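Below you will find one chain, with nothing else, as structure tokens; this is the form deposited in one PDB entry, and questions on how it binds or moves follow later.
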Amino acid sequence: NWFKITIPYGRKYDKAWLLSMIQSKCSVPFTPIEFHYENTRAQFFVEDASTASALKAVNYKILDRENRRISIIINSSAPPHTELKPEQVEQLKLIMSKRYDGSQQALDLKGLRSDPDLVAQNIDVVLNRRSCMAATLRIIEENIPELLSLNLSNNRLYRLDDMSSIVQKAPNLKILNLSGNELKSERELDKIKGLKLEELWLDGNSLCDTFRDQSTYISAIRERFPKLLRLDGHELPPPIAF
């Protein structure tokens, strides 16, 4: 089982110089495996743990041209050649800020694979993927926890178990647009029922065609969201109580 060695800022240094310095302080001979650059950082792999630990001891030991120390970060790992890069994520994070609105605390993520500035840099942003959605939601938690409205229409969403965590990341979310998607059953809603929504949009999804009468539809959903008030553009005949 493998380890991935990371030098933050390693692209800042001549490869030879860097590897030799490192070896110089390392207490064993080692060999870089599929050594590559990823943004400004240097990455390689290590076949065994004794080495890794030894590499690990070189942290803060090497000192650069500019009197800066050189960080070595060590992590257990799947073997080489095997998700989402930070420089990709930080671009995602960039685009969301763009489509974010502080005046109303509203994110807008409609048709996102089809975004110029993510397309323009070969970043497929595919929210129908568990890891891509997971990324989007950390970004939300980290940056705008007071998010209130969230448009997510036209993103071919098919399993909501991927936003299942949203109830904690976006506590006060109350407007959720899910129109123009690909959700088949109504059972999907059970994964996000904790949200005290006042607004909701579902049309365009094949679970709408489930219902014969719109008053069943509306009951089925208020089943999940009692406080619900608007839906698919329309006023809601107020809840009857018992």
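Just so we're on the same page, rigid core means the largest C-alpha set that superposes within 1.5 Å between forms. Only residues modelled in both forms are compared. One rule holds for the numbers: they count along the sequence shown, beginning at 1.
The gap between residue 82 and residue 83 holds 1 to 3 unmodelled residues of the deposited sequence. When the mean C-alpha temperature factors of 173-181 and 202-210 are read from the deposited coordinates, 202-210 comes out higher. Averaged over their C-alpha atoms, the temperature factors of 21-29 and 225-233 are higher for 225-233. Listed residues 148, 126, 96, 160 were ranked by CA B-factor as deposited; 126 comes out on top.
Ranked within its chain, residue 112 lands in the highest third, by CA B factor from the PDB record. Sort the chain's modelled residues by C-alpha temperature factor and residue 2 lands in the middle third, per the entry. Split the chain's modelled residues into thirds by C-alpha temperature factor. Residue 74 is in the lowest one. Ranked by Cα temperature factor within the chain, residue 187 sits in the highest third according to the deposited record.
Among all modelled residues in its chain, residue 216 ranks in the highest third by Cα B-factor.
If you look for the form deposited in another entry, you will not find it shown, but the lines that follow are about it.
Superposing the two forms on their core leaves just one of 175, 207, 192, 54 with a Cα displacement of at least 2 Å between this form and the one not shown, namely 54.
After superposition on the rigid core, displacement of the C-alpha of residue 223 between this form and the one not shown stays below 2 Å.
With the core held fixed, the Cα of residue 75 is displaced between this form and the one not shown by 2 Å or more.
With the core superposed, residue 11 shows a C-alpha displacement of at least 2 Å between this form and the one not shown.
Cα of residue 126 to Cα of residue 44: at least 3 Å shorter in the other entry than in the shown structure. At a threshold of 2 Å in C-alpha displacement, with the core superposed and only residues shared by both forms counted, 1-82 is the one segment of at least 3 consecutive residues that shifts between this form and the one not shown.
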